[PDB]
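Okay, structure first, notes after.
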Amino acid sequence: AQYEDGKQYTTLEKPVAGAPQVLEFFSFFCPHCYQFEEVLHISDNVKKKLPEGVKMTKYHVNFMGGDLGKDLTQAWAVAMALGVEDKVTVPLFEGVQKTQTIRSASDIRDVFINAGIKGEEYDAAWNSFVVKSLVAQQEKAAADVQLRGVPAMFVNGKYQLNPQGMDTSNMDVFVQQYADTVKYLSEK
């Protein structure tokens, strides 16, 4: 067939009940995640091709970068809680991987401040239980699919994208194949 299990995607041996419709995992420490988001724009290109009524969820993971990695998962919860993902995703990636100016929770905080989030608002969110349960949601989703590498994307707790079986010669064509595959799996 044009779309084949084991080729553009794989099927989870153990399907996750009540999983988000489209679920992307990343780390700000993850070099191909930087490519996916900052150069290829996978999240954005998948999302604009999703069927009506299919929402996209993106979670950060802990298993890279040690102590700073968990700080970044908590910061990504703050980003989700305040709805400022589209303001902090670029400087977080560049601060960790490009300029390497993010070395502490405080440096992470500096990115939000520069992006215009007030210190008091960031600190209140950072310390909030709403953010703790958002951290918990992120960890649970990653645990549900026994996640050990990023970037990764899952559809309906049933299918896992498999980009290794796709042509990378043209970045534009790769992205649309990836996106069309998510839409296909979405409609399955």
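Labeling convention for the structure tokens: chains A, B, ... as they appear, residues from 1 per chain, ligands from 1 in order of appearance.
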
Could you write out, as a VMD selection string, all the residues of region 3-156 of chain A that DSSP marks as strand (DSSP E)? chain A and resid 9 to 11 22 to 26 56 to 60 152 to 155

Could you dump the residues just selected with C-alpha atoms as a short mmCIF file (atom, residue, chain, number, x, y, z; two decimals), in the first residue's frame?
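File written: selection_14.cif
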data_model
loop_
_atom_site.label_atom_id
_atom_site.label_comp_id
_atom_site.auth_asym_id
_atom_site.auth_seq_id
_atom_site.Cartn_x
_atom_site.Cartn_y
_atom_site.Cartn_z
CA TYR A 9 4.81 4.55 10.85
CA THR A 10 4.70 1.67 13.33
CA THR A 11 1.86 0.32 15.46
CA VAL A 22 -1.73 13.96 18.14
CA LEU A 23 1.14 13.86 20.63
CA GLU A 24 4.65 15.16 19.90
CA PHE A 25 7.56 14.78 22.34
CA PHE A 26 10.79 16.77 22.36
CA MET A 56 -2.23 18.77 18.79
CA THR A 57 -0.36 18.30 22.07
CA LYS A 58 3.40 18.79 22.48
CA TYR A 59 5.28 17.64 25.61
CA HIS A 60 8.81 18.06 26.89
CA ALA A 152 8.71 11.33 18.49
CA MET A 153 5.07 11.68 17.50
CA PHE A 154 2.12 9.44 18.30
CA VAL A 155 -1.39 9.38 16.86
#

May I have the residues within 12 Å of residue 45 (chain A) as a PyMOL selection string, using only C-alpha atoms and disregarding those fewer than 4 positions away in the same chain? chain A and resi 36-41+49-50+56+172-183

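Around residue 122 (chain A), within 9 Å and counting only C-alpha atoms, the residues found are residues 78, 82, 109, 112, 113, 117 and 127 of chain A, once anything fewer than 5 positions away on its own chain is removed.
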
Which residues are close to residue 66 (chain A), i.e. within 12 Å by only C-alpha atoms, leaving aside same-chain residues fewer than 5 positions away? Reply as a ChimeraX atom specification. /A:27-29,61,71-73,103-104

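CA of residue 156 (chain A) is found 15.1 Å from CA of residue 5 (chain A).
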
Which residue gives the smallest distance to residue 90 (chain A) among A:75, A:115, A:142, A:105, with only C-alpha atoms counted? A:115

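The shortest atom-to-atom distance to residue 116 (chain A), with only C-alpha atoms taken into account, belongs to A:88 out of A:30, A:88, A:171, A:147.
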
Can you list every residue in chain A that DSSP puts in helix (DSSP H, G or I), as a compact mmCIF listing (two decimals) with N, CA, C and O atoms, in the first residue's frame?
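Ended up saving to states25.txt:
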# COMPACT_ATOMS: atom_id res chain seq x y z
N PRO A 31 19.28 17.53 19.69
CA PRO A 31 19.67 18.19 18.44
C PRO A 31 18.73 17.92 17.28
O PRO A 31 18.47 18.90 16.57
N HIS A 32 18.19 16.71 17.07
CA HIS A 32 17.27 16.64 15.93
C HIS A 32 15.95 17.33 16.26
O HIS A 32 15.21 17.68 15.34
N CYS A 33 15.62 17.49 17.55
CA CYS A 33 14.43 18.26 17.89
C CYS A 33 14.57 19.73 17.47
O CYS A 33 13.61 20.38 17.05
N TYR A 34 15.78 20.26 17.59
CA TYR A 34 16.08 21.63 17.15
C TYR A 34 15.85 21.72 15.65
O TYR A 34 15.23 22.66 15.16
N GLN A 35 16.34 20.73 14.92
CA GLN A 35 16.07 20.66 13.47
C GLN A 35 14.56 20.60 13.20
O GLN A 35 14.02 21.37 12.40
N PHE A 36 13.87 19.69 13.89
CA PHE A 36 12.44 19.49 13.66
C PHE A 36 11.66 20.79 13.82
O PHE A 36 10.74 21.08 13.05
N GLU A 37 11.98 21.52 14.89
CA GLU A 37 11.20 22.69 15.24
C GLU A 37 11.71 23.99 14.62
O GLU A 37 10.95 24.78 14.08
N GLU A 38 13.02 24.21 14.68
CA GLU A 38 13.56 25.50 14.28
C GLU A 38 13.84 25.61 12.77
O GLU A 38 13.86 26.71 12.24
N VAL A 39 14.08 24.49 12.10
CA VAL A 39 14.44 24.50 10.68
C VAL A 39 13.37 23.89 9.76
O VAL A 39 13.03 24.45 8.70
N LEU A 40 12.85 22.73 10.17
CA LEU A 40 11.82 22.00 9.42
C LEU A 40 10.42 22.47 9.75
O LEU A 40 9.53 22.40 8.91
N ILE A 42 8.21 21.10 11.91
CA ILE A 42 7.35 19.93 11.87
C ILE A 42 6.03 20.18 12.59
O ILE A 42 4.96 19.86 12.06
N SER A 43 6.09 20.75 13.80
CA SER A 43 4.87 20.91 14.61
C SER A 43 3.85 21.75 13.85
O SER A 43 2.66 21.43 13.79
N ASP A 44 4.34 22.83 13.27
CA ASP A 44 3.46 23.78 12.63
C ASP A 44 2.90 23.14 11.36
O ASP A 44 1.69 23.17 11.13
N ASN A 45 3.74 22.41 10.64
CA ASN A 45 3.28 21.85 9.38
C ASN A 45 2.33 20.67 9.54
O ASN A 45 1.41 20.50 8.74
N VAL A 46 2.51 19.90 10.59
CA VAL A 46 1.55 18.89 10.93
C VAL A 46 0.23 19.52 11.33
O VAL A 46 -0.82 19.16 10.81
N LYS A 47 0.28 20.52 12.21
CA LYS A 47 -0.95 21.09 12.77
C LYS A 47 -1.88 21.75 11.74
O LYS A 47 -3.09 21.55 11.84
N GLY A 66 19.76 15.89 32.21
CA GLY A 66 19.88 15.86 33.66
C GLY A 66 18.97 16.79 34.42
O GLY A 66 17.75 16.83 34.24
N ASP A 67 19.60 17.53 35.33
CA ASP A 67 18.85 18.43 36.20
C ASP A 67 18.21 19.54 35.35
O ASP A 67 17.02 19.82 35.51
N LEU A 68 18.97 20.10 34.41
CA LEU A 68 18.44 21.16 33.52
C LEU A 68 17.29 20.69 32.65
O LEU A 68 16.34 21.44 32.39
N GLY A 69 17.36 19.43 32.22
CA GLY A 69 16.29 18.78 31.48
C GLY A 69 14.98 18.80 32.24
O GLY A 69 13.95 19.11 31.65
N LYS A 70 14.98 18.44 33.53
CA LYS A 70 13.73 18.53 34.29
C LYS A 70 13.26 19.96 34.49
O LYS A 70 12.06 20.21 34.54
N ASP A 71 14.20 20.88 34.66
CA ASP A 71 13.85 22.29 34.79
C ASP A 71 13.13 22.73 33.52
O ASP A 71 12.20 23.53 33.58
N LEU A 72 13.57 22.21 32.38
CA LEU A 72 12.97 22.61 31.13
C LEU A 72 11.59 21.99 30.95
O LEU A 72 10.68 22.64 30.42
N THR A 73 11.39 20.77 31.44
CA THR A 73 10.04 20.20 31.45
C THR A 73 9.12 21.06 32.34
O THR A 73 7.97 21.34 31.98
N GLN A 74 9.60 21.51 33.49
CA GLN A 74 8.77 22.37 34.31
C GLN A 74 8.52 23.73 33.59
O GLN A 74 7.42 24.27 33.64
N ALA A 75 9.53 24.25 32.91
CA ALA A 75 9.37 25.52 32.19
C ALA A 75 8.40 25.36 31.03
O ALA A 75 7.63 26.29 30.71
N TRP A 76 8.40 24.19 30.40
CA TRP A 76 7.48 23.97 29.30
C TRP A 76 6.05 23.90 29.87
O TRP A 76 5.11 24.38 29.27
N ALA A 77 5.88 23.33 31.07
CA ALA A 77 4.57 23.41 31.74
C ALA A 77 4.14 24.88 31.97
O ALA A 77 2.97 25.24 31.74
N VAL A 78 5.07 25.72 32.41
CA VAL A 78 4.77 27.15 32.57
C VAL A 78 4.37 27.73 31.24
O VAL A 78 3.39 28.49 31.17
N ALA A 79 5.10 27.39 30.18
CA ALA A 79 4.77 27.88 28.85
C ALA A 79 3.34 27.48 28.43
O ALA A 79 2.60 28.26 27.82
N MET A 80 2.99 26.23 28.72
CA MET A 80 1.65 25.75 28.38
C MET A 80 0.59 26.43 29.23
O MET A 80 -0.46 26.83 28.73
N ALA A 81 0.87 26.56 30.51
CA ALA A 81 -0.10 27.19 31.42
C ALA A 81 -0.35 28.65 31.06
O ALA A 81 -1.49 29.10 31.06
N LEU A 82 0.70 29.37 30.67
CA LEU A 82 0.53 30.78 30.33
C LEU A 82 0.16 31.01 28.88
O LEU A 82 -0.10 32.14 28.48
N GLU A 85 3.88 29.39 24.38
CA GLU A 85 4.73 28.49 23.61
C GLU A 85 5.34 29.19 22.41
O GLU A 85 6.53 29.03 22.13
N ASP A 86 4.53 29.97 21.69
CA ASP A 86 4.98 30.64 20.46
C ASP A 86 5.90 31.82 20.72
O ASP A 86 6.42 32.43 19.77
N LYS A 87 6.12 32.16 21.99
CA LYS A 87 7.08 33.20 22.30
C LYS A 87 8.40 32.68 22.85
O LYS A 87 9.42 33.37 22.75
N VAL A 88 8.40 31.48 23.43
CA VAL A 88 9.59 31.01 24.13
C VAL A 88 10.26 29.82 23.48
O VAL A 88 11.36 29.45 23.87
N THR A 89 9.60 29.19 22.51
CA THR A 89 10.16 28.00 21.91
C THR A 89 11.48 28.33 21.20
O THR A 89 12.48 27.65 21.38
N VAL A 90 11.49 29.42 20.42
CA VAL A 90 12.70 29.77 19.69
C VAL A 90 13.88 30.13 20.63
O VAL A 90 14.95 29.51 20.51
N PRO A 91 13.70 31.09 21.57
CA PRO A 91 14.84 31.41 22.45
C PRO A 91 15.24 30.29 23.40
O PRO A 91 16.40 30.27 23.81
N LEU A 92 14.33 29.36 23.73
CA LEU A 92 14.75 28.24 24.59
C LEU A 92 15.67 27.31 23.79
O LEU A 92 16.73 26.92 24.26
N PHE A 93 15.27 26.98 22.57
CA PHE A 93 16.13 26.15 21.72
C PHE A 93 17.48 26.84 21.46
O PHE A 93 18.54 26.22 21.56
N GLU A 94 17.46 28.12 21.10
CA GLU A 94 18.71 28.81 20.83
C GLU A 94 19.56 28.99 22.09
O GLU A 94 20.78 28.88 22.03
N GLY A 95 18.92 29.22 23.24
CA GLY A 95 19.68 29.38 24.47
C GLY A 95 20.37 28.10 24.89
O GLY A 95 21.53 28.14 25.32
N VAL A 96 19.70 26.96 24.71
CA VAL A 96 20.31 25.68 25.07
C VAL A 96 21.36 25.26 24.04
O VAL A 96 22.48 24.91 24.43
N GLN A 97 21.02 25.31 22.75
CA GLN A 97 21.88 24.71 21.72
C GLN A 97 22.69 25.67 20.87
O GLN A 97 23.76 25.30 20.37
N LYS A 98 22.21 26.89 20.67
CA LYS A 98 22.95 27.77 19.78
C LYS A 98 23.96 28.59 20.58
O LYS A 98 25.17 28.47 20.37
N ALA A 105 18.20 27.17 36.03
CA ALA A 105 16.79 27.53 36.02
C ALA A 105 16.63 29.03 35.84
O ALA A 105 15.69 29.50 35.18
N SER A 106 17.55 29.80 36.42
CA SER A 106 17.48 31.27 36.31
C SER A 106 17.65 31.72 34.86
O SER A 106 16.95 32.64 34.38
N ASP A 107 18.55 31.07 34.13
CA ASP A 107 18.75 31.42 32.72
C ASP A 107 17.49 31.09 31.92
O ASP A 107 17.14 31.81 30.98
N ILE A 108 16.82 30.00 32.30
CA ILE A 108 15.56 29.64 31.65
C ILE A 108 14.55 30.75 31.92
O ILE A 108 13.86 31.23 31.02
N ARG A 109 14.47 31.16 33.18
CA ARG A 109 13.60 32.25 33.59
C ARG A 109 13.86 33.55 32.80
O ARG A 109 12.92 34.25 32.42
N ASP A 110 15.14 33.84 32.54
CA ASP A 110 15.54 35.06 31.81
C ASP A 110 14.88 35.12 30.43
O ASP A 110 14.50 36.20 29.95
N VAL A 111 14.77 33.95 29.79
CA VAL A 111 14.13 33.85 28.48
C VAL A 111 12.68 34.27 28.51
O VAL A 111 12.21 34.98 27.61
N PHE A 112 11.94 33.83 29.53
CA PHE A 112 10.55 34.26 29.68
C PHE A 112 10.46 35.77 29.95
O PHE A 112 9.61 36.49 29.39
N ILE A 113 11.31 36.27 30.83
CA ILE A 113 11.33 37.71 31.14
C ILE A 113 11.59 38.56 29.89
O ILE A 113 10.84 39.50 29.60
N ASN A 114 12.63 38.21 29.15
CA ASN A 114 12.93 38.89 27.90
C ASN A 114 11.78 38.80 26.90
O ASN A 114 11.51 39.74 26.16
N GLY A 119 8.02 38.81 35.85
CA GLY A 119 8.72 37.98 36.82
C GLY A 119 7.76 37.36 37.82
O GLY A 119 7.84 36.15 38.10
N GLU A 120 6.86 38.17 38.35
CA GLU A 120 5.89 37.67 39.32
C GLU A 120 4.98 36.60 38.73
O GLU A 120 4.66 35.61 39.40
N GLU A 121 4.60 36.78 37.48
CA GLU A 121 3.72 35.84 36.81
C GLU A 121 4.42 34.50 36.54
O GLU A 121 3.87 33.43 36.75
N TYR A 122 5.65 34.59 36.06
CA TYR A 122 6.45 33.41 35.85
C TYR A 122 6.69 32.65 37.16
O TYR A 122 6.54 31.45 37.21
N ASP A 123 7.10 33.36 38.20
CA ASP A 123 7.38 32.72 39.48
C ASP A 123 6.14 32.07 40.09
O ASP A 123 6.23 30.97 40.63
N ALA A 124 5.00 32.76 40.04
CA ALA A 124 3.76 32.20 40.56
C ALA A 124 3.39 30.92 39.81
O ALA A 124 3.02 29.92 40.40
N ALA A 125 3.49 30.96 38.48
CA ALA A 125 3.20 29.79 37.67
C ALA A 125 4.18 28.67 37.99
O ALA A 125 3.77 27.55 38.30
N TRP A 126 5.48 28.98 37.96
CA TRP A 126 6.53 28.00 38.25
C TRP A 126 6.24 27.24 39.52
O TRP A 126 6.43 26.03 39.59
N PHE A 129 0.58 24.57 41.65
CA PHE A 129 0.13 23.20 41.49
C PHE A 129 -0.46 22.92 40.11
O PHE A 129 -0.46 21.77 39.67
N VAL A 130 -1.03 23.93 39.47
CA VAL A 130 -1.54 23.74 38.12
C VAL A 130 -0.37 23.32 37.23
O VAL A 130 -0.49 22.40 36.43
N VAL A 131 0.78 23.96 37.40
CA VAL A 131 1.99 23.59 36.64
C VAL A 131 2.53 22.22 37.08
O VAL A 131 2.92 21.42 36.23
N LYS A 132 2.51 21.90 38.38
CA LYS A 132 2.89 20.55 38.82
C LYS A 132 2.05 19.44 38.16
O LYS A 132 2.58 18.37 37.84
N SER A 133 0.75 19.67 37.99
CA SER A 133 -0.06 18.63 37.36
C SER A 133 0.20 18.63 35.85
O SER A 133 0.00 17.62 35.20
N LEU A 134 0.65 19.75 35.30
CA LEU A 134 1.02 19.76 33.89
C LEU A 134 2.34 19.01 33.67
O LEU A 134 2.50 18.33 32.66
N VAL A 135 3.26 19.12 34.61
CA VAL A 135 4.49 18.33 34.59
C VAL A 135 4.14 16.85 34.66
O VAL A 135 4.69 16.04 33.92
N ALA A 136 3.24 16.51 35.58
CA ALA A 136 2.75 15.14 35.73
C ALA A 136 2.10 14.62 34.46
O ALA A 136 2.33 13.48 34.09
N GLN A 137 1.28 15.44 33.80
CA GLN A 137 0.68 15.02 32.54
C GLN A 137 1.78 14.67 31.52
O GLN A 137 1.71 13.65 30.81
N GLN A 138 2.79 15.53 31.41
CA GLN A 138 3.90 15.28 30.47
C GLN A 138 4.63 13.99 30.75
O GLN A 138 4.93 13.22 29.83
N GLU A 139 4.96 13.77 32.02
CA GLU A 139 5.66 12.54 32.40
C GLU A 139 4.79 11.28 32.15
O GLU A 139 5.28 10.26 31.67
N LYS A 140 3.50 11.36 32.46
CA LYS A 140 2.61 10.22 32.27
C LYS A 140 2.47 9.81 30.80
O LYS A 140 2.45 8.61 30.46
N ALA A 141 2.33 10.80 29.94
CA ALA A 141 2.23 10.53 28.51
C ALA A 141 3.49 9.86 27.97
O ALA A 141 3.42 8.91 27.19
N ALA A 142 4.65 10.34 28.41
CA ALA A 142 5.90 9.75 27.97
C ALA A 142 6.03 8.33 28.54
O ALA A 142 6.47 7.42 27.85
N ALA A 143 5.65 8.13 29.80
CA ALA A 143 5.64 6.79 30.41
C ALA A 143 4.65 5.83 29.69
O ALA A 143 4.96 4.66 29.51
N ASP A 144 3.48 6.33 29.30
CA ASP A 144 2.48 5.49 28.63
C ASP A 144 3.00 4.78 27.36
O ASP A 144 2.51 3.69 27.04
N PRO A 163 9.99 8.48 10.70
CA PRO A 163 10.62 9.32 9.68
C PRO A 163 11.88 8.73 9.05
O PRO A 163 12.29 9.19 7.98
N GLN A 164 12.54 7.79 9.73
CA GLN A 164 13.70 7.11 9.16
C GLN A 164 13.37 6.52 7.78
O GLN A 164 14.23 6.46 6.89
N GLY A 165 12.14 6.08 7.59
CA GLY A 165 11.74 5.64 6.26
C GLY A 165 11.10 6.76 5.44
O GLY A 165 9.96 6.62 4.99
N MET A 171 14.24 19.13 2.28
CA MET A 171 13.62 19.36 3.58
C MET A 171 12.08 19.62 3.48
O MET A 171 11.30 19.12 4.29
N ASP A 172 11.66 20.40 2.49
CA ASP A 172 10.25 20.73 2.28
C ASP A 172 9.36 19.51 2.02
O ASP A 172 8.24 19.38 2.56
N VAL A 173 9.88 18.60 1.21
CA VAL A 173 9.15 17.42 0.80
C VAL A 173 9.04 16.42 1.95
O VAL A 173 8.00 15.78 2.16
N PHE A 174 10.09 16.37 2.76
CA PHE A 174 10.10 15.51 3.94
C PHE A 174 9.03 15.94 4.93
O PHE A 174 8.26 15.12 5.42
N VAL A 175 8.98 17.24 5.19
CA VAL A 175 8.01 17.81 6.11
C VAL A 175 6.57 17.52 5.65
O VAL A 175 5.71 17.16 6.46
N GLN A 176 6.27 17.72 4.37
CA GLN A 176 4.91 17.46 3.91
C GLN A 176 4.57 15.97 3.92
O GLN A 176 3.45 15.59 4.22
N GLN A 177 5.54 15.10 3.60
CA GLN A 177 5.28 13.67 3.77
C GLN A 177 4.97 13.32 5.22
O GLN A 177 4.07 12.52 5.50
N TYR A 178 5.70 13.93 6.14
CA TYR A 178 5.54 13.65 7.55
C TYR A 178 4.14 14.11 7.96
O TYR A 178 3.39 13.37 8.60
N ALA A 179 3.78 15.31 7.52
CA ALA A 179 2.49 15.90 7.85
C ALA A 179 1.32 15.12 7.24
O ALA A 179 0.30 14.87 7.90
N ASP A 180 1.46 14.76 5.96
CA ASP A 180 0.42 13.97 5.28
C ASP A 180 0.22 12.60 5.94
O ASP A 180 -0.88 12.03 5.95
N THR A 181 1.31 12.04 6.48
CA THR A 181 1.23 10.77 7.16
C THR A 181 0.45 10.92 8.48
O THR A 181 -0.38 10.08 8.80
N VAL A 182 0.70 11.99 9.23
CA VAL A 182 -0.04 12.22 10.46
C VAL A 182 -1.55 12.39 10.15
O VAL A 182 -2.39 11.91 10.89
N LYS A 183 -1.87 13.12 9.07
CA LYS A 183 -3.27 13.32 8.68
C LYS A 183 -3.89 11.96 8.31
O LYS A 183 -4.98 11.63 8.76
N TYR A 184 -3.20 11.18 7.50
CA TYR A 184 -3.63 9.80 7.20
C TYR A 184 -3.92 8.98 8.46
O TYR A 184 -4.98 8.37 8.58
N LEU A 185 -2.97 8.94 9.39
CA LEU A 185 -3.14 8.13 10.59
C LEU A 185 -4.31 8.69 11.41
O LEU A 185 -5.06 7.95 12.05
N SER A 186 -4.48 10.01 11.32
CA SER A 186 -5.52 10.69 12.07
C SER A 186 -6.90 10.24 11.62
O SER A 186 -7.82 10.13 12.43

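The closest residue to residue 102 (chain A), picked from A:166, A:13, A:1, A:65 and counting only C-alpha atoms, is A:65.
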